[PDB]
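One structure is given below, encoded as structure tokens.
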Amino acid sequence: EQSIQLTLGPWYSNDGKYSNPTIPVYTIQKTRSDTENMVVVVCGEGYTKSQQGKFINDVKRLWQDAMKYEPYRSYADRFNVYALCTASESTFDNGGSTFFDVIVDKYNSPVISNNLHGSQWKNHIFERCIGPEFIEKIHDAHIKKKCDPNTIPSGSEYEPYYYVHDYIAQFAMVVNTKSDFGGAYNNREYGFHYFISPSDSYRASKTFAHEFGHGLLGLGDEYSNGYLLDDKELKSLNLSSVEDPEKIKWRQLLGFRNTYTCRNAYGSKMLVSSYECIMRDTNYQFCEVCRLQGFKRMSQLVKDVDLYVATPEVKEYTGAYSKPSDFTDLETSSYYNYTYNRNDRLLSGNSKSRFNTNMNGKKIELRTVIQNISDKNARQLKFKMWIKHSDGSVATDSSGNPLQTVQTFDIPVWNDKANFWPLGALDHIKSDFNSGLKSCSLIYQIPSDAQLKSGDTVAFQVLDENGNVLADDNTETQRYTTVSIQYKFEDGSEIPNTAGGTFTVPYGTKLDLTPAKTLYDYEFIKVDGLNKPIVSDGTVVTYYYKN
Ligand SMILES: [Pr+3]
Ligand SMILES: [Zn+2]
Ligand SMILES: [Zn+2]
């Protein structure tokens with residue numbers, strides 16, 4: 001079957017338990033060449049050889065649950081996901097020898113323990129052993145190994161393995177356990193880019209998405225502490241200590257959805273853009289700043305994503321939370337007072353029906369934020385907003401003029417792009433949060449003589465230069481559909497060492513990806529199910545490869 005073979009000398013397996021392991025490789029998802037997608041490699045800790053089927057199903061479960069969160073969900077079909085069936089002598093719960101020597105320290109942190117058996121480089125195993133074998137043999141780039149990982153290179157111990165984390169976007173280690181923990185190890189200068197999370201804890205999927213947010217998306221722990229120094233302020237994608245709303249990096253997002261800067265705990269000098277974010281508390285979704293920053297980060301790792309359009313909202317425009325001085329109080333009470341006010345004004349998503357015939361003479365606001373991913377093409381997006389009767393017709397005033405307004409917004413280029421986690425970067429140092437970023441507000445005065453009827457709602461569209469609808473008043477609550485991937489030989493047999501996963505897309509989506517020319521050594525033949533609206537759960541897209 002498909003596998004990689006490692007050579008682990010005493011620096012990686014000092015007790016000889018894994019001196020020459022054979023590691024079966026399973027493809028969970030490969031929708032395009034590895035050279036065009038983000039490659040995720042997932043290994044199991046504490047799974048015996050007879051438990052590798054549990055491991056594969058565990059990865060599929062955690063991965064599919066991660067793909068339900070924005071911003072990952074927008075990129076769901078642009079990941080290639082591989083499960084490496086690393087076999088431990090002992091299960092994790094039995095407490096004997098495991099592949100990765102993971103221990104849970106006194107702070108409940110899962111840690112690769114170099115000193116457990118004296119394997120002095122154990123926590124370098126991903127970039128020095130697993131990664132380079134994978135990239136030479138499985139990855140479509142087939143980059144030949146450059147250094148013997150069981151010898152000391154001339155010069156830097158680390159530089160020869162930097163290339164690993166450009167071909168493998170993320171290493172994840174799933175522990176076969178119910179224990180609730182999580183850890184992320186992000187220090188590319190010293191080779192570290194992996195996270196560790198449990199298979200069966202009560203919030204295992206939430207933890208996975210969270211540690212994935214640290215690792216791939218570059219997001220900071222919103223539960224952390226302290227006053228950020230100037231260099232750390234520039235460095236952080238989603239944390240701040242800047243109290244002045246006119247200077248805070250994410251000022252353009254203030255007042256959009258639940259973006260209202262606030263202290264992450266009473267008295268804290270550490271500020272978050274939203275109190276309700278998975279990066280502070282794993283029960284939440286990603287906040288709008290994390291969604292933006294993660295969407296930008298992933299755009300650096302693929303080639304064909306050029307625009308981010310946050311989901312627009314419509315709010316009664318009262319003047320509240322409309323200027324910087326409305327955001328100066330950073331207490332949690334101010335955050336929740338802001339979110340209550342938003343709910344009292346909301347006219348979109350699940351509050352569409354709050355529109356009523358008393359809205360004549362009132363102002364409404366269409367609000368979103370837009371990020372240009374291009375550093376070459378400025379963009380011009382047209383917003384349209386109108387009052388729609390329940391039968392779909394456009395409402396009018398008493399003179400017959402449609403209750404409709406339009407405004408075009410100019411989105412400047414992302415000239416700062418090369419400073420924001422580009423391919424090859426060892427870290428993020430400084431970026432201009434506002435480069436390529438435009439908060440867009442379209443305010444409409446509903447006429448006093450508006451001919452409103454019961455059941456009227458606000459409709460809207462964000463349009464590109466060709467009139468294509470990028471978002472509309474149905475986007476937020478639209479139905480998502482599950483699509484299943486299968487890999488088959490031309491005779492219909494399932495390809496061994498594949499375990500095709502599922503993800504979700506908006507109902508009606510036409511998938512349009514160029515399939516990879518090869519799967520392992522199998523040659524691509526044809527695909528069934530692409531370029532066709534996905535309109536049923538369990539829809540199967542079938543990739544056919546020559547045996
Ligand atoms: Pr052959
Ligand atoms: Zn955490
Ligand atoms: Zn966040």
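Note on naming: chains are A, B, ... as they come in the structure tokens, residues start from 1 per chain, ligands start from 1 in the order shown.
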Could you please extract the residues within 7 Å of ligand 3, counting only C-alpha atoms and all ligand atoms, and hand them back as a VMD selection string?
chain A and resid 222 238 273 to 274 277 to 279 286 to 290
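Using only C-alpha atoms, the contacts of stretch 198-205 of chain A at a cut-off of 8 Å, with sequence neighbours closer than 6 positions omitted, comprise residues 58, 59, 61, 62, 63, 65, 66, 174, 175, 176, 177, 178, 179, 180, 181 and 182 of chain A.
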Quick check, in Å to one decimal: how far apart do atom CA of residue A:429 and atom CA of residue A:236 lie?
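So the two atoms, atom CA of residue A:429 and atom CA of residue A:236, lie 8.3 Å apart.
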Could you give me, as JSON lines, a per-residue list for chain A showing, wherever an atom lies at most 9 Å from an atom of ligand 1, the closest pair of atoms and their distance in Å to one decimal, using only C-alpha atoms and all ligand atoms and sorting by chain then residue number from low to high?
{"residue": "A:521", "atom": "CA", "partner": "ligand 1", "partner_atom_place_in_ligand_line": "1 (Pr)", "distance": 8.1}
{"residue": "A:522", "atom": "CA", "partner": "ligand 1", "partner_atom_place_in_ligand_line": "1 (Pr)", "distance": 7.9}
{"residue": "A:546", "atom": "CA", "partner": "ligand 1", "partner_atom_place_in_ligand_line": "1 (Pr)", "distance": 8.6}
{"residue": "A:547", "atom": "CA", "partner": "ligand 1", "partner_atom_place_in_ligand_line": "1 (Pr)", "distance": 6.8}
Restrict the selected residues to N, CA and C atoms and save them as a short mmCIF file (atom, residue, chain, number, x, y, z; two decimals), in the first residue's frame.
data_model
loop_
_atom_site.label_atom_id
_atom_site.label_comp_id
_atom_site.auth_asym_id
_atom_site.auth_seq_id
_atom_site.Cartn_x
_atom_site.Cartn_y
_atom_site.Cartn_z
N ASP A 521 0.57 7.37 -7.62
CA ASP A 521 1.10 7.16 -8.96
C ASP A 521 0.00 6.90 -9.99
N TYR A 522 -1.26 6.99 -9.59
CA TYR A 522 -2.37 6.77 -10.50
C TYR A 522 -2.62 8.01 -11.35
N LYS A 546 -6.58 5.94 -13.27
CA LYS A 546 -6.16 4.67 -13.87
C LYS A 546 -5.50 3.79 -12.81
N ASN A 547 -5.89 2.52 -12.78
CA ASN A 547 -5.24 1.55 -11.90
C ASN A 547 -3.85 1.23 -12.45
#
Measure the distance from atom CA of residue A:267 to atom CA of residue A:214 in Å and round it to one decimal.
24.8 Å
As a count of residues only, please: all residues of stretch 217-346 of chain A that backbone DSSP puts in alpha helix (DSSP H).
32
Enumerate, as a VMD selection string, the complete set of residues in stretch 38-260 of chain A that a backbone-based DSSP assignment places in strand (DSSP E or B).
chain A and resid 38 to 45 79 to 84 102 to 104 110 to 112 170 to 175 183 to 187 192 to 198 239 to 240
With N, CA and C atoms retained, write the just-selected residues as a compact mmCIF listing (two decimals), in the first residue's frame.
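File produced: again35.txt:
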# COMPACT_ATOMS: atom_id res chain seq x y z
N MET A 38 -3.56 24.08 -0.12
CA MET A 38 -2.92 24.00 1.19
C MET A 38 -2.90 22.55 1.64
N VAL A 39 -1.71 22.02 1.86
CA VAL A 39 -1.53 20.62 2.25
C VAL A 39 -1.51 20.53 3.77
N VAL A 40 -2.39 19.71 4.33
CA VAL A 40 -2.43 19.45 5.76
C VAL A 40 -2.07 17.99 5.99
N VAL A 41 -1.10 17.75 6.86
CA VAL A 41 -0.66 16.41 7.22
C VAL A 41 -1.05 16.17 8.67
N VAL A 42 -1.79 15.08 8.90
CA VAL A 42 -2.32 14.77 10.22
C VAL A 42 -1.77 13.41 10.63
N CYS A 43 -1.15 13.35 11.81
CA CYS A 43 -0.62 12.11 12.37
C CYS A 43 -1.33 11.78 13.68
N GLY A 44 -1.33 10.49 14.03
CA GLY A 44 -2.00 10.00 15.23
C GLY A 44 -1.00 9.64 16.31
N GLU A 45 -1.36 9.97 17.55
CA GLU A 45 -0.56 9.68 18.73
C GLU A 45 -1.36 8.78 19.66
N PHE A 79 -8.01 22.65 0.28
CA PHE A 79 -7.09 21.88 1.10
C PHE A 79 -6.90 20.50 0.48
N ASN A 80 -5.68 19.99 0.52
CA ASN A 80 -5.42 18.57 0.41
C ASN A 80 -5.07 18.04 1.79
N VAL A 81 -5.74 16.97 2.21
CA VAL A 81 -5.61 16.49 3.58
C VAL A 81 -5.12 15.05 3.56
N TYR A 82 -4.03 14.79 4.29
CA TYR A 82 -3.42 13.47 4.35
C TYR A 82 -3.33 13.01 5.79
N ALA A 83 -3.73 11.77 6.03
CA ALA A 83 -3.66 11.15 7.35
C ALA A 83 -2.52 10.15 7.32
N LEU A 84 -1.53 10.35 8.18
CA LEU A 84 -0.37 9.46 8.25
C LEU A 84 -0.56 8.55 9.45
N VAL A 102 4.22 12.10 23.65
CA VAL A 102 3.43 13.21 24.17
C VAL A 102 3.09 12.95 25.63
N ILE A 103 3.31 13.97 26.46
CA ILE A 103 2.90 13.96 27.86
C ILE A 103 2.06 15.21 28.08
N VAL A 104 1.27 15.19 29.15
CA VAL A 104 0.45 16.33 29.53
C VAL A 104 1.10 16.91 30.78
N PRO A 110 -0.31 19.61 26.27
CA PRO A 110 0.28 18.42 25.64
C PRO A 110 1.61 18.81 25.01
N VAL A 111 2.66 18.06 25.33
CA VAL A 111 4.01 18.44 24.93
C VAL A 111 4.73 17.21 24.43
N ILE A 112 5.38 17.31 23.27
CA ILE A 112 6.34 16.28 22.89
C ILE A 112 7.50 16.33 23.87
N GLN A 170 0.34 22.79 7.29
CA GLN A 170 0.10 22.56 8.71
C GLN A 170 0.32 21.08 9.02
N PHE A 171 1.02 20.80 10.12
CA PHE A 171 1.05 19.49 10.75
C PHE A 171 0.07 19.48 11.92
N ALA A 172 -0.78 18.47 11.99
CA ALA A 172 -1.64 18.32 13.15
C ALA A 172 -1.40 16.94 13.74
N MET A 173 -1.34 16.87 15.06
CA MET A 173 -1.20 15.60 15.75
C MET A 173 -2.44 15.37 16.60
N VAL A 174 -3.20 14.34 16.26
CA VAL A 174 -4.41 13.99 16.99
C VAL A 174 -4.09 12.88 17.99
N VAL A 175 -4.41 13.12 19.25
CA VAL A 175 -4.14 12.17 20.34
C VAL A 175 -5.38 11.32 20.57
N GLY A 183 -2.66 22.20 22.33
CA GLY A 183 -1.44 22.99 22.29
C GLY A 183 -1.01 23.28 20.87
N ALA A 184 -0.43 24.45 20.64
CA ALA A 184 0.05 24.81 19.31
C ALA A 184 1.48 25.29 19.42
N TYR A 185 2.33 24.82 18.51
CA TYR A 185 3.76 25.06 18.56
C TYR A 185 4.16 25.74 17.26
N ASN A 186 4.28 27.06 17.31
CA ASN A 186 4.48 27.91 16.15
C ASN A 186 5.75 28.71 16.39
N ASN A 187 6.87 28.23 15.84
CA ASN A 187 8.14 28.91 15.96
C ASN A 187 8.96 28.41 14.77
N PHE A 192 9.43 24.62 14.29
CA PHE A 192 8.20 24.13 14.89
C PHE A 192 6.98 24.71 14.18
N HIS A 193 6.12 23.84 13.65
CA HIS A 193 4.82 24.28 13.16
C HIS A 193 3.82 23.12 13.18
N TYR A 194 3.30 22.82 14.36
CA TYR A 194 2.38 21.72 14.53
C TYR A 194 1.49 22.05 15.70
N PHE A 195 0.38 21.33 15.82
CA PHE A 195 -0.43 21.46 17.01
C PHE A 195 -0.88 20.08 17.44
N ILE A 196 -1.36 20.00 18.66
CA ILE A 196 -1.74 18.73 19.27
C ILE A 196 -3.12 18.89 19.87
N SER A 197 -4.02 17.96 19.57
CA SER A 197 -5.38 18.08 20.06
C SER A 197 -5.96 16.68 20.21
N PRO A 198 -6.97 16.50 21.06
CA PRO A 198 -7.47 15.16 21.36
C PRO A 198 -8.59 14.72 20.42
N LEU A 239 -5.05 40.83 18.26
CA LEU A 239 -5.00 41.40 19.59
C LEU A 239 -4.45 42.81 19.52
N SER A 240 -4.78 43.61 20.54
CA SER A 240 -4.32 44.98 20.59
C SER A 240 -4.29 45.45 22.04
Excluding residue A:77 and residues on its chain fewer than 4 positions from it, collect all residues at most 9 Å away from it, counting only C-alpha atoms, and give them as a ChimeraX atom specification.
/A:29-32,37,73,503,511,513
Near residue A:438, within 12 Å and counting only C-alpha atoms, which residues show up once chain neighbours fewer than 5 positions away are dropped, as a short mmCIF file (atom, residue, chain, number, x, y, z; two decimals) with C-alpha atoms, in the first residue's frame?
data_model
loop_
_atom_site.label_atom_id
_atom_site.label_comp_id
_atom_site.auth_asym_id
_atom_site.auth_seq_id
_atom_site.Cartn_x
_atom_site.Cartn_y
_atom_site.Cartn_z
CA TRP A 250 -9.22 47.23 13.20
CA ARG A 251 -10.99 50.62 13.44
CA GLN A 252 -12.57 50.10 10.01
CA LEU A 253 -14.52 47.08 11.31
CA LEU A 292 -10.66 38.65 7.76
CA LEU A 307 -11.46 39.16 -2.95
CA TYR A 308 -12.96 38.89 0.53
CA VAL A 309 -16.52 40.09 1.07
CA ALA A 310 -17.67 39.79 4.66
CA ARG A 367 -22.66 47.65 5.95
CA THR A 368 -19.84 45.28 5.19
CA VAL A 369 -16.05 45.19 4.95
CA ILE A 370 -14.20 44.24 1.78
CA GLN A 371 -10.59 43.13 1.44
CA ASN A 372 -8.85 43.28 -1.92
CA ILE A 373 -6.52 40.29 -2.19
CA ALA A 378 -8.13 48.01 -7.76
CA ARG A 379 -11.77 46.96 -7.55
CA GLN A 380 -15.09 48.74 -7.96
CA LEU A 381 -18.05 47.06 -6.28
CA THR A 408 -20.17 52.09 -5.84
CA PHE A 409 -17.18 51.57 -3.55
CA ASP A 410 -13.54 51.65 -4.62
CA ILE A 411 -11.41 48.89 -3.07
CA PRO A 412 -7.70 49.82 -3.27
CA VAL A 413 -4.99 47.26 -3.94
CA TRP A 414 -3.34 45.29 -1.16
CA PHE A 433 -4.13 46.28 8.65
#
Atom CA of residue A:540 sits from atom CA of residue A:484 at a separation of 4.6 Å
